[PDB]
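Student: Part one of the assembly, not moved from where it sits:
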Amino acid sequence: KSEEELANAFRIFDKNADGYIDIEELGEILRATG
């Protein structure tokens, strides 16, 4: 890091390219974490 890794992760999840994450996208993050 220095943000690069996270910026890419953000992007991968940020399917609808809005510079954000939403509820289903958050679902897709929180997937592994029960």
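Tutor: Nice, thanks for sending it over. Numbering: from 1, shown residues only, chains lettered A, B, ... in the order given.
Student: which residues touch whichever strand or helix holds residue A:9?
Tutor: For residue A:9, the element it lies in under DSSP states H and E is helix A:4-13. Residues outside helix A:4-13 that contact it (C-beta atoms under 8 Å, 6 or more residues apart in numbering) are A:21, A:25, A:28, A:29. Just so you know, the C-beta spots here come from the backbone N, C-alpha and C atoms, and that holds for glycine as well.
Student: Those residues into CSV, with extra columns for distance to residue A:13?
Tutor: Shown next, in CSV, are the contacts of helix A:4-13 (distance: C-beta to C-beta, whole Å):
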residue, distance to residue A:13
A:21, 5
A:25, 5
A:28, 6
A:29, 6
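Student: buried subset of the residues you listed?
Tutor: Using 16 or more other C-beta atoms under 10 Å as the burial test, the contacts of helix A:4-13 include A:21, A:25 as buried.
Student: Could you give me the buried positions within stretch A:9-21?
Tutor: Those would be residue A:21, for stretch A:9-21 by 16+ other C-beta under 10 Å.
Student: how long is that stretch from one end to the other?
Tutor: In stretch A:9-21, first residue to last residue: 11 Å (C-alpha to C-alpha, to the nearest Å).
Student: now for chain B:
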Amino acid sequence: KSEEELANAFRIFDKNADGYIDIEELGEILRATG
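Tutor: With chain B added, the chains above now look like this:
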């Protein structure tokens, strides 16, 4: 409890009250803590 659980996690992270998550907040999720 599923669906509703996701809403809570979302909300815990979604400090700035936008119905989204941003990079720092994503930081707080991707905090495995560390």
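Student: In light of the added chain B, please revisit the contacts of helix A:4-13.
Tutor: With contact meaning C-beta atoms under 8 Å, 6 or more residues apart in numbering or on different chains, helix A:4-13 is reached by A:21, A:25, A:28, A:29, B:23, B:26, B:27, B:30.
Student: Could you find the closest non-adjacent residue to the fifth one?
Tutor: Leaving out its chain neighbours, the residue that sits closest to residue B:23 by C-beta to C-beta, 6 or more residues apart in numbering or on different chains is residue A:10, at 5.8 Å.
Student: now the second one
Tutor: The spatial neighbour of residue A:25 that comes closest, neighbours along the chain excluded (C-beta to C-beta, 6+ apart), is residue A:13 at 5.2 Å.
Student: for residue A:14, same thing?
Tutor: Nearest to residue A:14 is residue A:21, by C-beta to C-beta, 6+ apart, at 6.0 Å.
Student: which residues touch that neighbour?
Tutor: A:10, A:13, A:14, A:29, B:20, B:21, B:22, B:26.
Student: May I have the beta-bridge partners of it?
Tutor: residue B:21 (DSSP bridges).
Student: Wait, residue A:14 touches residue A:24, no?
Tutor: No - counting by C-beta atoms under 8 Å, residue A:14 sits too far from residue A:24 to count as a contact (11.8 Å).
Student: Other residues contacting whichever strand or helix holds residue A:24?
Tutor: Assessed by DSSP H and E, residue A:24 sits inside helix A:23-30. For helix A:23-30, the external contacting residues (C-beta under 8 Å, 6+ apart) are A:13-16, A:21, B:6-7, B:9-10, B:13, B:21, B:26, B:29-30.
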